[PDB]
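Okay, here we've got a single chain as structure tokens, the form solved without its partner chain, with questions on binding and movement later.
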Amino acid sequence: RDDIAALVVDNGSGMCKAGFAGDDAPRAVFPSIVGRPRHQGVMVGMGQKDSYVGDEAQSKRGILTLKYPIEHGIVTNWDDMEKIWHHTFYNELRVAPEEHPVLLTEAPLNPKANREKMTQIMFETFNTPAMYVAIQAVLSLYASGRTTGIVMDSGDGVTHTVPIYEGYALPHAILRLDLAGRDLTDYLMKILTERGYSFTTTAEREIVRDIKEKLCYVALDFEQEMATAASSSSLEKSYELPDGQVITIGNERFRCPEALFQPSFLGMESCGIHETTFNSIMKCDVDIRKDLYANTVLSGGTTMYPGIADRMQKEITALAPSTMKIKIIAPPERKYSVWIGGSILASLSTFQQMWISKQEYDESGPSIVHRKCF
């Protein structure tokens, strides 16, 4: 192309969003999975591919051992992370990472190794002209187009809360909760053994992930929901497995997401999503707090339960004083927020100087990022 518009990769733990820089929607939304087949291949018909990264794994999941390369925001296996990125440019976008500049997001307080290796790989593997690393929550604020607010983003394995006032991070106040979507999925598996459905296989876990999205919804009052669910069959809901069996679910649909509000359930002693937002406000200075309580942005995937926005409001309200009324942004496209906001930052002028360049890296090595990025 005459104009090369830098790639925005929002590499998360659960998915791998990507696209060109010119739009408010990615082109490339495929779950970050490498499938390895787990039997002898008897037929000599075709030489089947040894590995099945990307959406193909979701179709062939029956005979595969699906694995996740990124757990808790952190890249446990790179060989698998390289395979996902090769698929991202060559197959998903059909573009060259050398004839295009590129920006990769990352959750805060990740071990310094993560940033370092990302920098090496973007320069040594795909030989990128220029690269950058950004924090998720700062970009989610860009998307909502507000200079000041507190951003609470929960994805699949990391939940983080970052408070910004008049375009100034207070980084002493940035809290992070491990509890996230994967912990919610894995708790539904554990409470569907109640009604006697077992999901031991990797692929079985992915079927559970799809029930949670279809039926799980947060409740204003947990106790009142529980009483009604026990009293009557109104709540009960029924889903068709891939075999053609039916599973019926009742109270389990509003207990999958309740763990967020009381991690006592999952076994952790973390306070809540509501107490984490509150406490990040209350580490900030007195004057800044009034503007923050007013603006509270929900971002990401596990912010997409119905009920969630109405539960947060009520929750923080009780914690806060009678004045300083709290309003929660909870936008419609919050699922792709982080990426859309990454679209803008690259689009925005004066971000050019900030871009790390091969030239700089060649002198100071991968450790360049530890001084040129936040």
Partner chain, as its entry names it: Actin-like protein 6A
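Positions refer to the first chain, counted from 1. Here, rigid core means the biggest group of C-alpha atoms that superpose within 1.5 Å across both forms.
Here the subject shifts to the form deposited with its partner chain bound, a form of this protein not shown in this document.
Participant: Would its partner chain in the deposited complex be within 4.5 angstroms of a non-hydrogen atom of every residue among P69, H87 and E213?
Facilitator: No, none of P69, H87 and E213 comes within 4.5 Å of its partner chain in the deposited complex.
Participant: Within 4.5 Å, heavy atoms only: does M282 come near its partner chain in the deposited complex?
Facilitator: Residue-level check for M282: yes, a contact with its partner chain.
Participant: Can you tell me if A227 lies within 4.5 angstroms of its partner chain in the deposited complex, counting non-hydrogen atoms only?
Facilitator: Although its partner chain is absent here, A227 would stay clear of it in the deposited complex, with no heavy atoms inside 4.5 Å.
Participant: Looking in the deposited complex, any heavy atom of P171 within 4.5 Å of its partner chain?
Facilitator: Looking in the deposited complex, residue contacts with its partner chain include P171, since a heavy atom lies within 4.5 Å.
Participant: I'd like to know whether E269 contacts its partner chain in the deposited complex, with contact meaning heavy atoms within 4.5 angstroms.
Facilitator: Yes, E269 lies within 4.5 Å of its partner chain in the deposited complex.
Participant: Given a 4.5 Å cut-off on heavy atoms, tell me which of 213-221, 299-307, 231-239, 111-119 is the interface stretch with its partner chain in the deposited complex.
Facilitator: The contacting stretch here is 111-119.
Participant: Heavy atom within 4.5 Å of its partner chain in the deposited complex: which residues of 316-332 qualify?
Facilitator: Those in contact are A318, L319, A320, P321, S322, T323.
Participant: Superpose on the rigid core, then report which one of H274, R115, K212, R255 has a CA displacement of at least 2 angstroms between the shown form and the other one.
Facilitator: If I go through the list carefully, the shifting residue is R115.
Participant: With both forms fit on the core, is the shift of the CA atom of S322 between the shown form and the other one 2 Å or larger?
Facilitator: For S322, whose C-alpha is compared between the shown form and the other one after core superposition, the shift is less than 2 Å.
Participant: Rigid core aligned, does the Cα position of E71 differ by 2 Å or more between the shown form and the other one?
Facilitator: Yes.
Participant: Does the distance between the two CA positions of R61 reach 2 Å or more between the shown form and the other one, the core being superposed?
Facilitator: Shift at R61: 2 Å or more after core fit.
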